[PDB]
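**Student:** Sending over a structure as structure tokens; questions will come in a sec.
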Amino acid sequence: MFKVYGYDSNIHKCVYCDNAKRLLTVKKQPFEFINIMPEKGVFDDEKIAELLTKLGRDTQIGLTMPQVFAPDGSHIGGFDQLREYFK
């Protein structure tokens with residue numbers, strides 16, 4: 001299943017979050033959303049922590065959301081980046 005790290009609407013807004021969700025549905029793939037910001041204060045270091053490790057072993061200065069991850073456990077990217085995953 002695909003894993004998306006971004007916003008929904010209750011805590012934070014997101015226009016590209018909905019668009020992408022449609023992309024998958026169009027391809028017929030199992031996936032689920034995950035709110036990286038469970039609190040209006042700060043994102044969830046728990047999910048954000050494992051995320052950082054998911055990509056590699058460095059840092060991301062300005063990483064945008066939502067961040068998706070392949071079922072097997074890999075960094076796919078956003079829409080365009082993921083579109084490549086689909087093709």
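Labeling convention for the structure tokens: chains A, B, ... as they appear, residues from 1 per chain, ligands from 1 in order of appearance.
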Tell me, which residues of chain A carry DSSP strand (DSSP E), written as a ChimeraX atom specification?
**Tutor:** /A:2-6,31-35,67-70,74-77
**Student:** Filtering to N, CA, C and O atoms, could you give me those residues as a PDB file, in the first residue's frame?
**Tutor:**
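Okay, this is what ended up in again-v2.pdb:
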ATOM      1  N   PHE A   2       0.346   2.322  -0.616  1.00  0.00           N
ATOM      2  CA  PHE A   2       1.071   3.581  -0.668  1.00  0.00           C
ATOM      3  C   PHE A   2       0.850   4.364   0.617  1.00  0.00           C
ATOM      4  O   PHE A   2      -0.238   4.339   1.192  1.00  0.00           O
ATOM      5  N   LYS A   3       1.888   5.049   1.067  1.00  0.00           N
ATOM      6  CA  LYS A   3       1.805   5.828   2.287  1.00  0.00           C
ATOM      7  C   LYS A   3       2.018   7.304   1.997  1.00  0.00           C
ATOM      8  O   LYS A   3       3.044   7.693   1.447  1.00  0.00           O
ATOM      9  N   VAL A   4       1.046   8.128   2.364  1.00  0.00           N
ATOM     10  CA  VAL A   4       1.168   9.557   2.129  1.00  0.00           C
ATOM     11  C   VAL A   4       1.328  10.329   3.429  1.00  0.00           C
ATOM     12  O   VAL A   4       0.550  10.171   4.371  1.00  0.00           O
ATOM     13  N   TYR A   5       2.338  11.187   3.451  1.00  0.00           N
ATOM     14  CA  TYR A   5       2.622  12.025   4.601  1.00  0.00           C
ATOM     15  C   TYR A   5       2.345  13.483   4.255  1.00  0.00           C
ATOM     16  O   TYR A   5       3.142  14.128   3.577  1.00  0.00           O
ATOM     17  N   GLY A   6       1.205  13.992   4.704  1.00  0.00           N
ATOM     18  CA  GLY A   6       0.855  15.364   4.411  1.00  0.00           C
ATOM     19  C   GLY A   6      -0.252  15.886   5.301  1.00  0.00           C
ATOM     20  O   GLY A   6      -0.273  15.621   6.503  1.00  0.00           O
ATOM     21  N   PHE A  31      -4.020   2.303  -0.910  1.00  0.00           N
ATOM     22  CA  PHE A  31      -3.234   3.319  -0.230  1.00  0.00           C
ATOM     23  C   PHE A  31      -4.006   3.969   0.911  1.00  0.00           C
ATOM     24  O   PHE A  31      -5.220   3.794   1.031  1.00  0.00           O
ATOM     25  N   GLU A  32      -3.295   4.723   1.748  1.00  0.00           N
ATOM     26  CA  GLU A  32      -3.921   5.399   2.877  1.00  0.00           C
ATOM     27  C   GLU A  32      -3.192   6.693   3.223  1.00  0.00           C
ATOM     28  O   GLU A  32      -1.973   6.797   3.074  1.00  0.00           O
ATOM     29  N   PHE A  33      -3.955   7.676   3.690  1.00  0.00           N
ATOM     30  CA  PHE A  33      -3.407   8.968   4.068  1.00  0.00           C
ATOM     31  C   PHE A  33      -2.987   8.976   5.532  1.00  0.00           C
ATOM     32  O   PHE A  33      -3.492   8.197   6.339  1.00  0.00           O
ATOM     33  N   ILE A  34      -2.063   9.870   5.866  1.00  0.00           N
ATOM     34  CA  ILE A  34      -1.575   9.999   7.234  1.00  0.00           C
ATOM     35  C   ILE A  34      -1.252  11.451   7.546  1.00  0.00           C
ATOM     36  O   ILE A  34      -0.409  12.069   6.895  1.00  0.00           O
ATOM     37  N   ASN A  35      -1.931  11.981   8.544  1.00  0.00           N
ATOM     38  CA  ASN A  35      -1.735  13.364   8.960  1.00  0.00           C
ATOM     39  C   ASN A  35      -0.428  13.514   9.729  1.00  0.00           C
ATOM     40  O   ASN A  35      -0.304  13.039  10.857  1.00  0.00           O
ATOM     41  N   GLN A  67       4.318  13.589   1.298  1.00  0.00           N
ATOM     42  CA  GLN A  67       5.363  12.648   0.925  1.00  0.00           C
ATOM     43  C   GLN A  67       4.798  11.235   0.887  1.00  0.00           C
ATOM     44  O   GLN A  67       4.287  10.736   1.888  1.00  0.00           O
ATOM     45  N   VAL A  68       4.871  10.597  -0.271  1.00  0.00           N
ATOM     46  CA  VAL A  68       4.348   9.248  -0.412  1.00  0.00           C
ATOM     47  C   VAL A  68       5.451   8.206  -0.308  1.00  0.00           C
ATOM     48  O   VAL A  68       6.630   8.508  -0.502  1.00  0.00           O
ATOM     49  N   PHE A  69       5.058   6.973  -0.004  1.00  0.00           N
ATOM     50  CA  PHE A  69       6.010   5.882   0.128  1.00  0.00           C
ATOM     51  C   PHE A  69       5.424   4.585  -0.418  1.00  0.00           C
ATOM     52  O   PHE A  69       4.278   4.237  -0.137  1.00  0.00           O
ATOM     53  N   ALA A  70       6.222   3.891  -1.224  1.00  0.00           N
ATOM     54  CA  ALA A  70       5.795   2.645  -1.852  1.00  0.00           C
ATOM     55  C   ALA A  70       5.485   1.550  -0.833  1.00  0.00           C
ATOM     56  O   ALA A  70       6.083   1.492   0.240  1.00  0.00           O
ATOM     57  N   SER A  74       9.519   2.444   0.181  1.00  0.00           N
ATOM     58  CA  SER A  74      10.456   3.295  -0.548  1.00  0.00           C
ATOM     59  C   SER A  74       9.851   4.673  -0.794  1.00  0.00           C
ATOM     60  O   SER A  74       8.632   4.838  -0.785  1.00  0.00           O
ATOM     61  N   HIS A  75      10.712   5.663  -1.005  1.00  0.00           N
ATOM     62  CA  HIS A  75      10.263   7.029  -1.248  1.00  0.00           C
ATOM     63  C   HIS A  75       9.914   7.236  -2.717  1.00  0.00           C
ATOM     64  O   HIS A  75      10.780   7.161  -3.587  1.00  0.00           O
ATOM     65  N   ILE A  76       8.639   7.497  -2.985  1.00  0.00           N
ATOM     66  CA  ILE A  76       8.176   7.714  -4.349  1.00  0.00           C
ATOM     67  C   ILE A  76       8.176   9.201  -4.696  1.00  0.00           C
ATOM     68  O   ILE A  76       8.696   9.604  -5.736  1.00  0.00           O
ATOM     69  N   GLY A  77       7.594  10.013  -3.818  1.00  0.00           N
ATOM     70  CA  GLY A  77       7.548  11.445  -4.056  1.00  0.00           C
ATOM     71  C   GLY A  77       6.137  11.999  -4.053  1.00  0.00           C
ATOM     72  O   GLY A  77       5.240  11.438  -3.422  1.00  0.00           O
TER      73      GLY A  77
END
**Student:** Between A:1, A:23, A:8, A:51, which one has atoms that come closest to residue 79 of chain A, using only C-alpha atoms?
**Tutor:** A:23
**Student:** Which one is closest to residue 30 of chain A: A:62, A:78, A:56, A:71? Count only C-alpha atoms.
**Tutor:**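 Nearest candidate to residue 30 of chain A out of A:62, A:78, A:56, A:71: A:71.
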**Student:** Using only C-alpha atoms, determine which residues lie at most 10 Å from residue 38 of chain A, disregarding the query and same-chain residues fewer than 4 positions distant; provide the list as a short mmCIF file (atom, residue, chain, number, x, y, z; two decimals) with N, CA and C atoms, in the first residue's frame.
**Tutor:**
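Final output, saved to part-v9.cif:
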data_model
loop_
_atom_site.label_atom_id
_atom_site.label_comp_id
_atom_site.auth_asym_id
_atom_site.auth_seq_id
_atom_site.Cartn_x
_atom_site.Cartn_y
_atom_site.Cartn_z
N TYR A 7 -1.16 16.64 4.71
CA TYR A 7 -2.27 17.22 5.44
C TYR A 7 -3.61 16.80 4.83
N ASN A 10 -8.63 19.16 8.22
CA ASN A 10 -9.05 19.46 9.59
C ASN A 10 -7.97 20.25 10.33
N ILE A 11 -6.73 19.79 10.22
CA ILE A 11 -5.61 20.45 10.88
C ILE A 11 -4.97 21.48 9.96
N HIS A 12 -4.76 21.09 8.71
CA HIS A 12 -4.14 21.96 7.73
C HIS A 12 -4.78 21.75 6.36
N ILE A 34 -2.06 9.87 5.87
CA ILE A 34 -1.58 10.00 7.23
C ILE A 34 -1.25 11.45 7.55
N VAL A 42 2.94 21.19 16.41
CA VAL A 42 4.03 20.67 15.60
C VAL A 42 3.68 19.31 15.01
N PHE A 43 4.32 18.97 13.89
CA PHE A 43 4.07 17.69 13.23
C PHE A 43 4.41 16.53 14.17
N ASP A 44 4.03 15.32 13.76
CA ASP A 44 4.29 14.13 14.56
C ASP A 44 5.71 13.62 14.34
N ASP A 45 6.60 13.94 15.28
CA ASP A 45 8.00 13.52 15.19
C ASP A 45 8.10 12.01 15.04
#
**Student:** Rounded to one decimal place, report the atom CA of residue 50 of chain A-atom CA of residue 26 of chain A distance in Å.
**Tutor:**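 Between these atoms lies a distance of 28.6 Å.
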**Student:** With distances taken over only C-alpha atoms, which of A:82, A:57, A:87, A:39 is nearest to residue 20 of chain A?
**Tutor:**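 Once distances to residue 20 of chain A are computed over only C-alpha atoms, the minimum belongs to A:82.
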**Student:** Run DSSP on the backbone and tell me which residues of segment 10-86 of chain A come out as alpha helix (DSSP H); list them as number ranges by chain.
**Tutor:** A: 16-27, 45-55, 79-86
**Student:** So how far away is atom CA of residue 13 of chain A from atom CA of residue 80 of chain A, in Å?
**Tutor:** 19.9 Å
**Student:** Could you check the closest approach to residue 85 of chain A for each of A:24, A:15, A:60, A:36 and tell me which residue wins, using only C-alpha atoms?
**Tutor:**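 Closest to residue 85 of chain A, using only C-alpha atoms: A:24.
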**Student:** Mind giving me the straight-line distance from atom CA of residue 19 of chain A to atom CA of residue 59 of chain A in Å, one decimal?
**Tutor:**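 Separating atom CA of residue 19 of chain A from atom CA of residue 59 of chain A is a distance of 27.1 Å.
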